[PDB]
Amino acid sequence: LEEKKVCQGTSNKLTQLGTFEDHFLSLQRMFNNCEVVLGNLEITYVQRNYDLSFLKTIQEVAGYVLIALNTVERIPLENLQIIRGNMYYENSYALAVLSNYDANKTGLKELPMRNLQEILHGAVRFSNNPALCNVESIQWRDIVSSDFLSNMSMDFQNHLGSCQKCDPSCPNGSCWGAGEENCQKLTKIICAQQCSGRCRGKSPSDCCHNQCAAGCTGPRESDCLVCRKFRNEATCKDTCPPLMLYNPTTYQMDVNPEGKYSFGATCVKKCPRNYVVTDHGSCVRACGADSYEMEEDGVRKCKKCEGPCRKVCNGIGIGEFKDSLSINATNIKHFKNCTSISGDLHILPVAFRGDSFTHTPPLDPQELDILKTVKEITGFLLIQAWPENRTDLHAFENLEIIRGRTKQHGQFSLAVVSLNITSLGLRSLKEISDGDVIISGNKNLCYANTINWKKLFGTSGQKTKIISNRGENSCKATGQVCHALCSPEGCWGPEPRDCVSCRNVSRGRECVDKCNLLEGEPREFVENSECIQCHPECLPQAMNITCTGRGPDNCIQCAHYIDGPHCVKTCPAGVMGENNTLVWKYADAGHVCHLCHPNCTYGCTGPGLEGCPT
Amino acid sequence: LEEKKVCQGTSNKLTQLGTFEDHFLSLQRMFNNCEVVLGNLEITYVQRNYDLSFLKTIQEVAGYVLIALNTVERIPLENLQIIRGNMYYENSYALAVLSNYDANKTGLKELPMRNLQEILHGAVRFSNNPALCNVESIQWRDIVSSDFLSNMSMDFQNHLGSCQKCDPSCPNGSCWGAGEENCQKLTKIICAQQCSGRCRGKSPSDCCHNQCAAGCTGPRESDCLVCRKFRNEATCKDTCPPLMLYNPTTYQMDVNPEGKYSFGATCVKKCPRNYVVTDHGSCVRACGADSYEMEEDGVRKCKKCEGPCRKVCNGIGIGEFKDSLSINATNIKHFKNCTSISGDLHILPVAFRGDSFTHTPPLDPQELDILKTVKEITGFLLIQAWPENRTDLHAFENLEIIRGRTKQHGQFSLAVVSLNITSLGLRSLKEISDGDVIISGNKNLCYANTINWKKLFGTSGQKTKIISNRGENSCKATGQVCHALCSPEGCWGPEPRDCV
Amino acid sequence: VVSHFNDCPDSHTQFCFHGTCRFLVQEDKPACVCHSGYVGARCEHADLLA
Amino acid sequence: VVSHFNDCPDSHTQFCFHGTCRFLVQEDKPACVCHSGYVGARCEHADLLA
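One line per chain: the protein sequences are A, B, D and C, in this order.
FYI, the deposited numbering numbers position 115 of the first sequence as 115, with every residue one higher than the one before it.
FYI, the deposited numbering numbers position 62 of the second sequence as 62, with every residue one higher than the one before it.
FYI, the deposited numbering numbers position 9 of the third sequence as 9, with every residue one higher than the one before it.
FYI, the deposited numbering numbers position 50 of the fourth sequence as 50, with every residue one higher than the one before it.
Spelled out as structure tokens, the structure:
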């Protein structure tokens, strides 16, 4: 559509991905052809004479920006207009440029960051990087705010930075680079006193709206450059127009004909499918304070809880668990018996082998079987390790559904990489909803290419990714194919229960082609391909029908005390007769359980008057 | 502490209550000593030599204003800042001054509205009202809205005996009297194209905030003259600060520290007890038909029905209910013991007799049994008599709850006066919530003196009154006193069945 | 000379209830004269405040 | 020639998982280089984009 393509943003604080040539590649394919990078903009470890003409389009960075250890002379990061600074490098700064030079003292030369106007949060740090010229004279109080202006630590000193002075057409000699263009476009200290936000020119007659962040093209909420809080079809509103307006002349809530749903810094007509739609009209991803979610005809709401309701735990990276990055044996005492993980599940090979860097003990490989209770997972599931016994994913036996609201790396909700397990064993796994699934790097795992993932997904558009695991032509050699019963609809494993739809009959989970009926020893009956047990009180049939109901009332062939239509082991031995009186039933000419003359109120246990002592 | 006393404002359009001295003496009670009028402003027939001292303190009228058929020297309606125009007169007018002259042609010579700034709604019509001037040349585009300028008409005319001009210093002689003090303060046309709302002075360095409705006192969201839309603690807001803020990064919702429950054009920290709060804090009177009012944890709420919502009966006076004033014999069928009358119960001694001018047949008394067990009435009960054979309130028997949404005359909820009923009844009413209950006009009615209304309604700050009924010594030796075996709790009737 | 009040036009015979009806010439709209102890646009309600 | 990096200070030894550690002096911080096919600030996550 008309919108701007987004990157996902790196998150490598200070880290070299391979070598100077491999790192340059993890930059390119990550930051090529995008404009609104959503997490960060690390441009790090570039080396001399490496083209960077693909940074001329990044027009927003919703996180901090780190330019560290860069030796190319010119970083064309110009069109950047605003650094929303949702998350800070070094927990304070939101634009860091530090130590950009090699041993030969030929580091970063010029940052032609011309159009950078506003930083919505955080200070700006700078450190030793000679050849950096002209930036040593930029005006900061315009770019940054006023309170956060007490944390920045700029420090400029260069030696070969003989770069020429900037053209006199621009104030105080303030300039990003050289030429008339590179000079600090001022919009927040030349405003008239009567203006509150952005402006252009000291004229008090052409200010900007109250919500514009960079600049404007006329004072209006429809002519901003970048919106400060929200936006809806080119309008930088401060809150999406609510659904129900209040009418003070009649006290009743009206209906707003412009009510839009506030979905993460944009106003939308309807939340996406897997997102809860609360009452305030704001799309949520996890709405539980005392209440819980439930289906409301295709749109999930979260109505009130009636006091005691089921448990929910917090995922990994949210709330409590943020200093930890996996599930190790110090943050497992929380997932005790909760059935839905609000968040996301990481399993990295740090929990088992432990580590001393963050004070984690070596989690015992058995404690992981606690997760048998998990049914719904909101975010993603990432697995890259498993105890060196288990052969199928066992602790996640009955995982019902993977919501996949937040996806690891932006596409992968289920990810099982570099594992040693004969086959998956995730047998319930109803409806993986959004995000893709990657199951690769596995040594010995073959069955998984048999399932029909095109049906397992939820919202369409998904795509599976299964390569680099034990070849099918090697598991058929060892005959590791699934049970002959399973229909051509997939089989998570060799055990005859790992099917997804049995051949003819099913025992609820275990497959059997022919359960027991009019021939067969165990007493049961089929019902829509489900082998259900009739009451055992009846006698084993050989010619005609056994029954059609769970209760013994259809046990026609019975060799015990036949309770009229029913049949029990002995005629009722404690059932109440009339008016709350204990009555033991006796046997009729056909051994049937029937009543007697109401005379003997203590039952009728004898022929006539021989059971009521006269 | 910074609140302002409030009047209620009449609504009798052109009728005069009694004589020209009684009428005025009622016009002395209503409007004495109050700033804002929560209703309409009718001043009619204040004849010559009568004083209008109190009429200067009026600062805002939240309806329309009518000045018609009065002949007095002036109308010191000076400090009226703004006329909201919530209701209207003739469905289009918000201020009308018509025909202020009697035979003597003495009329009304000066209407001194020096500082009337803005009329927020509807046109304005000065029909023929001679002997009036100095209000015949005001520029009206400054006060009226933009579109309503097409809906208006001026019929100013005068024999012009004296009527000097005013000081030539004030803009285009557009004054409302003598000098410059009584001259227009026009703050909507003399503004810069850089300002969109009102301003003060041509300069754009001081133009008023986009929410102030009359003027400004240092451009800001606060310090307005009169708040146009809402108001939260001396600040002319546009919508009360919600309680949940949508954090656009974590997609959750955060508890806002400045929570303000919207309550009829003012933001309040918590709704009144007899009001039902919805989910997002905003007082409301009767929850939507999709939902049903359920109480929980003190204050009430309302959630979705379990399918077939119980039938609710909206009283006469709301919705399509304006072609009839009481429950006449063309609406009773639209009631089936709803038990949940929302608001009014207008039963007057006018249904039983019927009237043809309003195209109604006379009501037959037999069909007043539909209200045999109406459990709750939200707002107020207006009764003045029965079909004179039933000797008690026999329909309203199982009624229990009177909550007080739309109190009558802003002061009254249980209105039963001027009937001949020995013992009214009401064997089950135990939940008055607010307002006042009045039983003061029944010639033969002597049991209502026994009930202790202290337990009838909580929310202390209400006081009932009972006068002009059978003296306790009159019906004592007559056969109508609290029952013998009865308990010391009051006698809603003579018998043990109503000893309560 | 200008009898600003003329009698009820009888096109609204018994227009208002509790008081004499009387019509106007300049505005062509009637103004009932409610009795004592009555208020309202057509003299409907009993003055409960008084 | 004098570079930024001295060997891992053993205060944060085994700092990352899938990569070799190194401590720089231009901020007194450890910043390690991962093996192939890994990402993260501690070379902990596995590259899934392949």
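Quick reminder that beta carbons are idealized off the backbone N, C-alpha and C, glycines included.
Considering Cα atoms alone, identify which of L41(B), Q164(B), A351(B), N33(B) is closest to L325(B). If you number the second sequence from 1, residue 325(B) lands on position 325. Among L41(B), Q164(B), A351(B), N33(B), the Cα nearest to that of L325(B) is on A351(B).
Counting contacts by CB-CB distance shorter than 8 Å, is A415(A) in contact with chain C? Position 415 of the first sequence, counted from the first residue, corresponds to residue 415(A). With 8 Å as the cut-off, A415(A) counts as an interface residue toward chain C.
Please report the Cβ distance between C515(A) and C538(A), rounded to the nearest whole angstrom; I am assuming they are in contact, meaning their Cβ atoms lie under 8 Å. As a position in the first sequence, residue 515(A) is number 515, starting the count at 1. As a position in the first sequence, residue 538(A) is number 538, starting the count at 1. Wrong, their Cβ atoms sit about 17 Å apart, outside the cutoff.
From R403(B) to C302(B), what does the alpha carbon distance come to, in whole angstroms? Taking the second sequence and counting its residues from 1, the one referred to as residue 403(B) is at position 403. Taking the second sequence and counting its residues from 1, the one referred to as residue 302(B) is at position 302. Separation of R403(B) and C302(B) (C-alpha to C-alpha, rounded to the nearest whole angstrom) is 16 Å.
Going by the CB atoms, is the gap between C8(D) and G19(D) shorter than 8 Å? In the third sequence, the residue the question calls residue 19(D) occupies position 19. In the third sequence, the residue the question calls residue 8(D) occupies position 8. With contacts defined as CB atoms closer than 8 Å, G19(D) and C8(D) fail to qualify as a contacting pair.
With a CB to CB cut of under 8 Å and the five nearest residues on each side skipped, what residues in its chain are close to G281(A)? By 1-based counting over the first sequence, the position of residue 281(A) is 281. Answer for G281(A): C240, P242, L243, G259, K260, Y261, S262, listed in chain order.
So, with DSSP's three-state summary, where would you put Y275(B)? Taking the first residue of the second sequence as 1, we reach residue 275(B) at position 275. Correct three-state label for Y275(B): coil.
Any C-beta of chain D sitting closer than 8 Å to the C-beta of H409(B)? Start at 1 with the first residue of the second sequence, and residue 409(B) comes out as number 409. Yes - at least one Cβ of chain D is within 8 Å of the one on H409(B).
Just to confirm the assignment, what range does the beta strand (DSSP E) spanning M244(B) have? Start at 1 with the first residue of the second sequence, and residue 244(B) comes out as number 244. In this chain, the beta strand (DSSP E) harbouring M244(B) covers 244-246.
Return the Cβ separation of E73(A) and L108(A) in integer angstroms, given the expectation that the two are a contact with Cβ distance under 8 Å. Within the first sequence, numbered from 1, the residue matching residue 73(A) stands at position 73. Within the first sequence, numbered from 1, the residue matching residue 108(A) stands at position 108. Their Cβ separation, rounded to whole angstroms, is 7 Å, which keeps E73(A) and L108(A) in contact under 8 Å.
Quick check: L98(A) and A62(A), are their CB atoms within less than 8 Å of each other? Locating residue 98(A) in the first sequence gives position 98, counting from the first residue. Locating residue 62(A) in the first sequence gives position 62, counting from the first residue. Not in contact: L98(A) and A62(A) (Cβ atoms no closer than 8 Å).
Exposure label - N70(B); buried when at least 16 CB within 10 Å: For the purposes of this step, residue 70(B) is taken as residue 70 along the second sequence, with counting starting at 1. Buried, by the Cβ-count rule.
In chain order, each beta strand (DSSP E) run of at least 3 residues that lies wholly inside the stretch 288-313 of chain B: List check, beta strand (DSSP E) in window: 291-295, 300-304.
Chain A contacts made by the stretch 249-269 of chain B, where a contact means CB separation under 7 Å: Those residues of the stretch 249-269 of chain B that come within reach of chain A (Cβ to Cβ, closer than 7 Å) are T249, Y251, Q252, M253, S262, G264, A265.
Three CB pairs or more closer than 8 Å across the stretch 483-500 of chain B and the stretch 441-458 of chain B: The stretch 483-500 of chain B makes contact with the stretch 441-458 of chain B; the number of CB pairs closer than 8 Å reaches 3 or more.
Looking at the secondary structure, which residues open and close the alpha helix (DSSP H) in which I143(A) lies? Locating residue 143(A) in the first sequence gives position 143, where the first residue counts as 1. Under the DSSP assignment, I143(A) falls in the alpha helix (DSSP H) whose first and last residues are 140-143.
Give me the DSSP bridge partner(s) of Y88(A). What you label residue 88(A) is simply residue 88 of the first sequence in a count that begins at 1. Bridge partners of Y88(A) according to DSSP: none are assigned.
Along the stretch 208-236 of chain B, what residues have a CB closer than 8 Å to any CB found in chain A? Hits within the stretch, in order: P219, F230.
Give the DSSP bridge partners of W584(A), in chain order. Looking up residue 584(A) in the first sequence gives position 584. For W584(A), DSSP records a beta bridge to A573(A).
Nearest-angstrom Cβ-Cβ length linking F24(A) and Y50(A), presumed shorter than 8 Å: Here residue 24(A) corresponds to residue number 24 of the first sequence, with the count starting at 1. Here residue 50(A) corresponds to residue number 50 of the first sequence, with the count starting at 1. The beta carbons of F24(A) and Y50(A) sit about 6 Å from each other, so the pair counts as a contact at 8 Å.
Three-state secondary structure assigned by DSSP to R125(B): For the purposes of this step, residue 125(B) is taken as residue 125 along the second sequence, with counting starting at 1. Of the three classes helix, strand and coil, the one that applies to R125(B) here is strand, per DSSP.
Do we get a CB-CB distance below 8 Å when we pair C8(C) with the residues of chain A? By one-based count along the fourth sequence, residue 8(C) stands at place 8. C8(C) has a beta carbon lying at 8 Å or more from every beta carbon in chain A.
Using only the alpha-carbon positions, how far apart do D167(A) and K13(A) sit? As a working note, residue 167(A) is residue 167 in the first sequence. As a working note, residue 13(A) is residue 13 in the first sequence. The alpha-carbon atoms of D167(A) and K13(A) are separated by roughly 37 Å.
Comparing C-alpha positions only, which one of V500(A), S356(A), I467(A), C604(A) sits nearest to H483(A)? Counting from one through the first sequence, the residue named residue 483(A) turns up at place 483. Answer by Cα proximity: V500(A).
Residues of chain A with CB under 7 Å from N86(B), in chain order? What you label residue 86(B) is simply residue 86 of the second sequence in a count that begins at 1. Simply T249.
Neighbour flag for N12(B) against chain D, beta carbons, 8 Å: For this step, residue 12(B) is matched to residue 12 along the second sequence. Any Cβ of chain D closer than 8 Å to the Cβ of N12(B) would place that residue at the interface, and such an atom is present.
Between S99(A) and chain C, is any beta-carbon pair separated by less than 8 Å? Reading the first sequence from its first residue, position 99 is the one you call residue 99(A). Output row for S99(A): interface = yes.
My assumption, with CB atoms under 8 Å, is that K463(B) sits in contact with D434(B). Please give the rounded CB distance. Taking the first residue of the second sequence as position 1, residue 463(B) is located at position 463. Taking the first residue of the second sequence as position 1, residue 434(B) is located at position 434. Rounded, the Cβ-Cβ distance is 12 Å, inconsistent with contact.
Below 8 Å between beta carbons: does that hold for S440(B) and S468(B)? Here residue 440(B) refers to the residue found at position 440 of the second sequence. Here residue 468(B) refers to the residue found at position 468 of the second sequence. In contact: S440(B) and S468(B) (Cβ atoms closer than 8 Å).
For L52(B), which of helix, strand or coil comes out of DSSP? Here residue 52(B) refers to the residue found at position 52 of the second sequence. Three-state result, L52(B): coil.
Contact set for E400(B): own chain, Cβ-Cβ below 7 Å, skip 5 residues either direction: By 1-based counting over the second sequence, the position of residue 400(B) is 400. Only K375, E376, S428, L429, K430, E431 meet the Cβ criterion.
Answer yes if the stretch 101-117 of chain A comes into contact with the stretch 172-183 of chain A, meaning at least three C-beta pairs across the two stretches below 8 Å, and no otherwise. The way I'd put it, the stretch 172-183 of chain A does touch the stretch 101-117 of chain A; three or more beta-carbon pairs between them come closer than 8 Å.
Own chain residues within Cβ distance below 8 Å of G564(A), not counting five before or after: Position 564 of the first sequence, counting from 1, holds the residue named residue 564(A). Result list for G564(A): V592, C593, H594, in chain order.
Any C-beta of chain D under 8 Å from that of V350(B): Along the second sequence, one-based indexing puts residue 350(B) at 350. For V350(B), the answer is yes, since a Cβ of chain D falls inside 8 Å of its Cβ.
When we look at the beta-carbon of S162(A) and count the other beta-carbons within 10 Å, is it buried (16 or more) or exposed? Here residue 162(A) is taken as the residue at index 162 of the first sequence, counted from 1. So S162(A) counts as exposed.
Against chain D, does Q157(B) count as a neighbour if the rule is that its beta carbon must be under 8 Å from one of theirs? For the purposes of this step, residue 157(B) is taken as residue 157 along the second sequence, with counting starting at 1. With 8 Å as the cut-off, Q157(B) does not count as an interface residue toward chain D.
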